[PDB]
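Engineer: next input, structure requested:
(chains A and B)
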Amino acid sequence: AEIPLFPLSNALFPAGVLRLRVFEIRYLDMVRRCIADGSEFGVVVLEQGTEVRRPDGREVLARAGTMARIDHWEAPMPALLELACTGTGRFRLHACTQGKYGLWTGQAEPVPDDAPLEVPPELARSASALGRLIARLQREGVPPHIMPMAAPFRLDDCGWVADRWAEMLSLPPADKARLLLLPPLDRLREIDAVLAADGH
Amino acid sequence: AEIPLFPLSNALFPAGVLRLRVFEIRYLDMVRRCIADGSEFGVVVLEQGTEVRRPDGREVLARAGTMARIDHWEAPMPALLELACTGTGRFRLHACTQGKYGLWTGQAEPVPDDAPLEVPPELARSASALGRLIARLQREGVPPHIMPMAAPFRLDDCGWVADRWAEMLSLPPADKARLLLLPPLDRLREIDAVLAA
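Structural biologist: Numbers count the residues shown, from 1 in each chain, chains lettered A, B, ... in the order given. Next comes the structure:
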């Protein structure tokens, strides 16, 4: 499924929050199309290279990604677009090409959402930790335009909880892409093995 | 104490890495002057505002921040100013003033860099977990200009450990500001509490 690609320094996960700020011509033209078009673009983390790369070149795109849906947009100044996208359906991009203005694109086969699971008591620490984080945000009165996570607080869900943590944890891009694809349970387990002292 | 301020969505901590893209020309005069005489600018996290500039809203700065040092600027894209910075000394922001063009300026009382202290056995959890994140990024050989933290990895320094977690974790801007000025021991204890409970 040939779709436009917006590689980024961080990976996007389903239901994930993402406030973009486009200034490059390739993304300015691409984002505007999607605005009038209605379609959404694909977001995959950069396993290598930067996200601007005007003089650069060697940039490696992750093999997995999540589709990005545009919620609302604004134009604070000319040649600048401030977006507030939401992560949608995930995909497993394969052979992609780099078109005009350096706009990445690739045929990507979607990957159906995983069935919602309950968080076992063997992984309560993470879900309880996360829940603690969200509590403070709310307790402090953090406005919507700053909240790093959407309203639907699926705290009692393996996948969801792991997606939230993988989003904010400084993990290698190559790992983030794998986590996105791995099954919900396995995903929570692994991040769990990162937050807790596995090997002291 | 009077210094220029650059508000950001994320708080900046000592030794914290920062890749800043400056769009609004209202800041050009600030970054240029800094680049010129090698000075620094203050970075405070926004409590109730947008990094860019809303015409219907006003920005509210946090109670503290950290000075930023320009490791070096670049302009890969025509006229786009992109610079790598590092958080240096912390300051307590007594008062700030928003003047013309929306530029912020405040009274910054610099606070001395805390002394380093070994990580106690109970707070070891927080250090080993970070240590693993770091070793994870290295095992994958993630490029330096991609890593969120800088080379000097002080895994036995409460302040360092706590600061890293504080900039990574999704916490309200006002809390980051508070933890920033908080003494090393208390900082770690507090971030440790969030990681468990």
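Engineer: is the biggest strand by length in chain A positioned near chain B?
Structural biologist: Secondary structure of chain A per DSSP state E: the longest strand is strand A:85-91. No. Figure legend: strand A:85-91 not in contact with chain B (CB under 8 Å from any CB of the partner chain); closest approach 15.5 Å. C-beta coordinates here come from the backbone N, C-alpha and C atoms, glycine included.
Engineer: adjacent strands (with direction) for that strand?
Structural biologist: strand A:17-18 (antiparallel), strand A:65-69 (antiparallel), strand A:110-111 (antiparallel) (DSSP bridges).
Engineer: quick one: distance of it to the chain centre.
Structural biologist: 7 Å (CA atoms, centre = their mean, to the nearest Å).
Engineer: neighbouring contacts of that strand?
Structural biologist: Residues from elsewhere that reach strand A:85-91, judged by CB atoms under 8 Å, 6 or more residues apart in numbering or on different chains: A:1, A:12-20, A:40, A:42-43, A:64-71, A:108-111, A:113, A:150, A:180-181.
Engineer: phi and psi next, for residue A:124.
Structural biologist: When quoted as degrees, to the nearest 10, the phi and psi of residue A:124 stand at phi -60, psi -30.
Engineer: all helices of chain A, in order?
Structural biologist: A:25-37, A:124-140, A:158-168, A:173-181, A:184-195 (DSSP state H).
Engineer: in TSV: the ones you listed, plus distance to chain B and mean neighbour count.
Structural biologist: Output for the helices of chain A, formatted as TSV (distance: least, CB to the nearest CB, whole Å; neighbours: other CB atoms under 10 Å in any protein chain shown):
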stretch	distance to chain B	mean neighbour count
helix A:25-37	9	15
helix A:124-140	4	16
helix A:158-168	5	25
helix A:173-181	6	21
helix A:184-195	6	19
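Engineer: can you count the residues close to residue A:196?
Structural biologist: Other residues within reach of residue A:196, judged by other CB atoms under 10 Å in any protein chain shown, total 17.
Engineer: hang on, it packs against residue A:125?
Structural biologist: Yes. In this structure, residue A:196 is within contact of residue A:125 by CB atoms under 8 Å, at 6.2 Å.
Engineer: returning to what we had before: can you list the strands paired with strand A:85-91 in a markdown table and add mean neighbour count?
Structural biologist: Formatted as a markdown table, these follow (neighbours: other CB atoms under 10 Å in any protein chain shown):
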| stretch | mean neighbour count |
| --- | --- |
| strand A:17-18 | 20 |
| strand A:65-69 | 23 |
| strand A:110-111 | 14 |
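Engineer: need the ones you listed in CSV with distance to residue A:139, can you?
Structural biologist: As requested, the strands paired with strand A:85-91 are exported to CSV (distance: least, CB to CB, whole Å):
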stretch, distance to residue A:139
strand A:17-18, 19
strand A:65-69, 29
strand A:110-111, 36
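Engineer: so which of those strands is nearest residue A:154?
Structural biologist: Proximity to residue A:154 (CB to CB) singles out strand A:17-18 among those, at 13.7 Å.
Engineer: and chain A, what are its domain boundaries?
Structural biologist: If you go by curated CATH domains, the domain ranges for chain A are A:1-113, A:114-200.
Engineer: endpoints of the last one, how far apart?
Structural biologist: When the termini of domain A:114-200 are compared using CA to CA, to the nearest Å, they are 33 Å apart.
Engineer: chain center to that domain, what's the gap?
Structural biologist: 13 Å.
Engineer: and what of stretch A:110-121?
Structural biologist: Stretch A:110-121 has its C-alpha centroid displaced from the chain centroid by 17 Å (CA atoms, centre = their mean).
Engineer: buried ones in it?
Structural biologist: Going by neighbour count (16 or more other CB atoms under 10 Å in any protein chain shown), the buried part of stretch A:110-121 is A:111, A:114, A:117, A:119.
Engineer: go on, stretch A:142-159?
Structural biologist: By neighbour count on 16+ other CB under 10 Å, the buried set for stretch A:142-159 is A:142, A:146, A:148, A:149, A:153, A:154, A:157, A:158, A:159.
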